[PDB]
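The block underneath contains the structure these notes are about, expressed in structure tokens.
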Amino acid sequence: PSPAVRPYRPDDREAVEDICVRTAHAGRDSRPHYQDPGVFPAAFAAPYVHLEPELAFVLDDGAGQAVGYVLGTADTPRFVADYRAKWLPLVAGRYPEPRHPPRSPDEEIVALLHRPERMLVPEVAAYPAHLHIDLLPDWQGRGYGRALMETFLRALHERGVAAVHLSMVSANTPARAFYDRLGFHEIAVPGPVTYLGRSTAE
Ligand SMILES: [Cl-]
């Protein structure tokens with residue numbers, strides 16, 4: 001039994017959210033730094049598998065357990081609308097719409113959760129799809145990030161979407177090299193965030 005990329009299933013939800021938590025702090029574990037790290041998958045993983053599970057893929061460890069993922073959306077403007085209309089009501093009880101400016105790191109992420117319009121960056125308009133990709137530390141440096149990425153790009157291209165972007169923390173230079181090796185170019189660095197993109201054709 002060997003590790004392999006496969007489509008996400010609903011029984012991968014727990015593992016996907018945990019991978020997200022464990023990589024959300026500029027690639028590193030968010031648990032030491034946040035009171036409720038569940039806000040991360042609530043903003044950056046769960047809505048994708050809720051709304052567009054057909055674009056979610058996992059790295060299976062060979063024993064059935066997801067140990068990495070790639071997920072995303074075919075169309076960012078539609079995703080933002082759907083996120084507000086369909087997703088936010090499902091999490092607003094647990095994470096209420098903010099009434100005052102963020103006081104804590106936790107409240108900063110809740111602010112992002114409640115502003116999916118953050119995704120409407122003018123410079124990425126020509127790259128309609130976007131993604132998040134993460135692997136648990138023990139699974140990095142094994143070629144599996146590439147396997148995930150190529151699977152996701154093929155899925156987008158098959159759906160007729162020609163271009164994709166992503167965001168990354170600018171200071172995270174190892175991530176920058178990872179994306180560079182996967183054929184991404186710099187779109188813009190507006191903020192601690194860099195946007196990268198490429199065409200989805202192989
Ligand atoms: Cl990052």
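Computed over heavy atoms, backbone and side chain alike; hydrogens, waters and symmetry mates excluded. Counting from 1, the numbers follow the sequence of the chain as shown.
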Strictly distance-based, threshold 3.5 Å: is any side-chain N or O of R154 a donor or acceptor partner for the main-chain N or O of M149? no
For residues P41 and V16, determine if any side-chain heavy atom of one lies less than 4.5 Å from a side-chain heavy atom of the other. no
Rounded to the nearest 0.5 Å, what separates atom CG in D180 from atom OG1 in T173? 12.0 Å
So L55 and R159, do their side chains get closer than 4.5 Å, heavy atoms only? yes
Atom CG of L113 and atom CD of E108: how far apart are they, to the nearest 0.5 Å? 14.0 Å
Would you say that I109 contacts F40 through its side chain, given a criterion of any heavy-atom pair below 4.5 Å between the two side chains? yes
Which distance, rounded to the nearest 0.5 Å, do you find between the CG of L51 and the CG of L71? 11.5 Å
Does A26 offer a backbone N or O that forms a donor-acceptor pair with the side chain of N172 under 3.5 Å? yes
Is there a donor-acceptor contact under 3.5 Å from the side chain of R142 to the main chain of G145? no
Between the side chains of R78 and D82, is the shortest nitrogen-to-carboxylate-oxygen separation below 4.0 Å, so that they form an ion pair? no
Give, for atom CG of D18 and atom CG of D12, the distance between the pair rounded to the nearest 0.5 Å. 12.5 Å
For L59 and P3, work out which heavy atoms get closest and say how close. CD1-CB, 4.4 Å
For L166 and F184, which heavy atoms make the closest approach, and how far apart are they? CD2-CE2, 3.5 Å
Count I, L, V, M, F, W, Y as connected when their side-chain heavy atoms are under 4.5 Å apart, and connections chain through other members. Are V124 and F79 then in the same cluster? no
Give a yes or no on whether the backbone of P137 and the side-chain of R22 come within a donor-acceptor separation of less than 3.5 Å. no
Taking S170 for its side chain and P192 for its backbone only, find out whether a donor-acceptor pair lies under 3.5 Å. yes
Going by atom types only, do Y95 and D36 share a side-chain donor-acceptor pair under 3.5 Å? yes
Go through the steps for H165 and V121 under the test side chain to side chain contact (heavy atoms under 4.5 Å, CB included), then give the verdict. CA-CA 11 Å; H165 71 272; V121 176; over 6 Å; no
Between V80 and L120, is there a side-chain heavy-atom distance shorter than 4.5 Å? yes
Let's go through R181 and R146 carefully: what are the C-alpha distance in whole Å and the side-chain angles of both, what is the deciding distance for side chain to side chain contact (heavy atoms under 4.5 Å, CB included) to 0.1 Å, and is it a yes or a no? CA-CA 9 Å; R181 288 159 190 163; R146 180 177 298 273; 4.0 Å; yes
Take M168 and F178 through the test side chain to side chain contact (heavy atoms under 4.5 Å, CB included) and record every step on the way to the result. CA-CA 11 Å; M168 62 163 277; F178 172 82; over 6 Å; no
Pairing of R13 and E17 as salt bridge, 4.0 angstrom limit: yes
Taking it one step at a time, do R176 and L196 satisfy side chain to side chain contact (heavy atoms under 4.5 Å, CB included)? CA-CA 9 Å; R176 183 74 177 79; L196 307 180; 3.7 Å; yes
Any donor and acceptor pair, going by atom type alone, linking the side chain of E52 with main-chain N or O of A74 inside 3.5 Å? yes
Identify the two heavy atoms, one from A42 and one from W87, that lie closest to each other, and give their separation to 0.1 Å. O-NE1, 2.9 Å
Scan side-chain atoms only and decide if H130 and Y48 contain a donor-acceptor pair under the 3.5 Å cut-off. yes
Sub-4.5 Å side-chain heavy-atom contact between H50 and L90: yes
Check: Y127 ring centroid to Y195 ring centroid under 6.0 Å: no
Spell out, yes or no, whether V21 and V110 are grouped together once hydrophobic residues are joined by side-chain heavy atoms under 4.5 Å, including indirect joins. no
Closest non-hydrogen atoms of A66 and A15, given as atom of the first, atom of the second and distance, are O-CB, 3.6 Å
Which atoms form the tightest heavy-atom contact between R84 and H114, and what is the distance? NH2-O, 2.9 Å
Expected output: side-chain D61 to main-chain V67 donor-acceptor under 3.5 Å: no
Closest non-hydrogen atoms of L135 and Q140, given as atom of the first, atom of the second and distance, are O-NE2, 2.7 Å
Within this structure, what is the CD-CD distance for the pair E123 and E186, rounded to the nearest 0.5 Å? 11.0 Å
Has the side chain of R94 got a donor or acceptor atom that lies under 3.5 Å from a matching backbone atom of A92? no
Would the distance check show the side chain of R6 and the main-chain N or O of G64 forming a donor-acceptor pair, the cut-off being under 3.5 Å? yes
Under a single-linkage definition using a 4.5 Å side-chain heavy-atom cutoff for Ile, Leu, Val, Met, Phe, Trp and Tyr, are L153 and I187 assigned to the same hydrophobic cluster? no
Does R103 reach the side chain of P101, with side-chain heavy atoms less than 4.5 Å apart? yes
Without swapping roles, check the side chain of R198 against the backbone of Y179 for a donor-acceptor pair under 3.5 Å. no
Hydrophobic cluster identity match, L112 and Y34, side-chain contacts under 4.5 Å: yes
